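Given as structure tokens, the chain that follows is alone and in the form deposited in one PDB entry.
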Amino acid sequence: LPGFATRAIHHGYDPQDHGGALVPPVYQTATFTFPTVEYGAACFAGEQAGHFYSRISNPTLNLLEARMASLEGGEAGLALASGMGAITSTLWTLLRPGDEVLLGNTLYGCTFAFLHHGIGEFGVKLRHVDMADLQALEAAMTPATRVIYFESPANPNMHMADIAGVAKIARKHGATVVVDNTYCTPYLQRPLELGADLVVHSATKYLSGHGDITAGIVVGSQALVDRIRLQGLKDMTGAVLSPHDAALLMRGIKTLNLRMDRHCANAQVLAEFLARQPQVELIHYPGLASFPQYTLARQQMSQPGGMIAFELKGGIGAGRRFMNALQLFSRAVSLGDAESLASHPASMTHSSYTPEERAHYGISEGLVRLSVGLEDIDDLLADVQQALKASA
């Protein structure tokens, strides 16, 4: 079985099948024609091998999908126009009115919004549970529970879930487990190997790695993916990935291993640096020994990731001053880009919220999140250094 890097570069493509082309040709075409109409008849049912549109079986998209399936250890993959494309397409197909879905304590903000103000407003029961608490999860299960969905690590405190534990319970009650694995990528964590049924990504982040495309991936069993493809994507979302964007994603995946290696190595030095500084109240980085769940993190993740969360003494005040003083880090909401990014949700995303109710969302007053990029650590250290001084 060839290694991860090899697969990320080569899996599902032999140059001999496309006129010797070393890089697969991009199928920037909206539709495909048939040799006969009897060949056309077959395509819509399924029993002849081939393809019928860009919204289903484009070969550029098929290669992306297969390759992501191999990296995550799944049978099947699906490419979509965004991470929200992947999440919505998945949940829209697996759920109907009367079904219940269990969720991690905290979710990505647009995932939250979709559940509460979207699919939850169409008669689907929403329930929140701490997914490191196996006992509380078992007490939450009802006979209507069709889907369990969470992130691990989850934003913003890097809260881990016991994926193998959750999956064991879910397998008892006939529930489907869906893990958003955006933060780790398959290089660092493979939740399908710990017993999850489906994984979903915002490929916009680390997989692409260059902040230039928006894209989502679903990986899991052939049977779950076929359904999500033919119902969620085809009928209910229309979140079709451009073959141009899919080829840029495959391009980015070719350096995934190296990029994540650098993200992690930079993030550790920065996290260890933050630990020794007097402006920092507390840190959430999985590779510090003081991280509450350092044990579980190491069982699931092979390295501690590129994301650092920390809190500043001075709260909201010290955050604004820290963020505005950064000259190399950019002030922005994304993650997993080559460029280093900083976010202080109290004064950026959630300055439309009040301090009195802010703590209901698990958001500390002075919490600043850092996506550590690929820049020289010395320059990133110096930029962080002077911004901590400007926050006092």
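Just count from 1 along the sequence shown to find any residue number. Shifts are known only where both forms have a C-alpha. Rigid core: the largest C-alpha set superposing within 1.5 Å between the two forms.
The next section is about a form of this same protein that is not shown, the form deposited in another entry.
Once the two forms are fitted on their rigid core, between this form and the one not shown the CA displacement reaches 2 Å or more only for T354 among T36, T31, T354, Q28. Compared with the form shown here, the C-alpha atoms of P278 and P355 sit at least 3 Å farther apart in the other form.
Three angstroms is the minimum change: in the other form, the CA atoms of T349 and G109 sit closer than in this structure, by 3 Å or more. After superposition on the rigid core, only one stretch of three or more consecutive residues whose Cα atoms move by at least 2 Å between this form and the one not shown is found, at 345-361.
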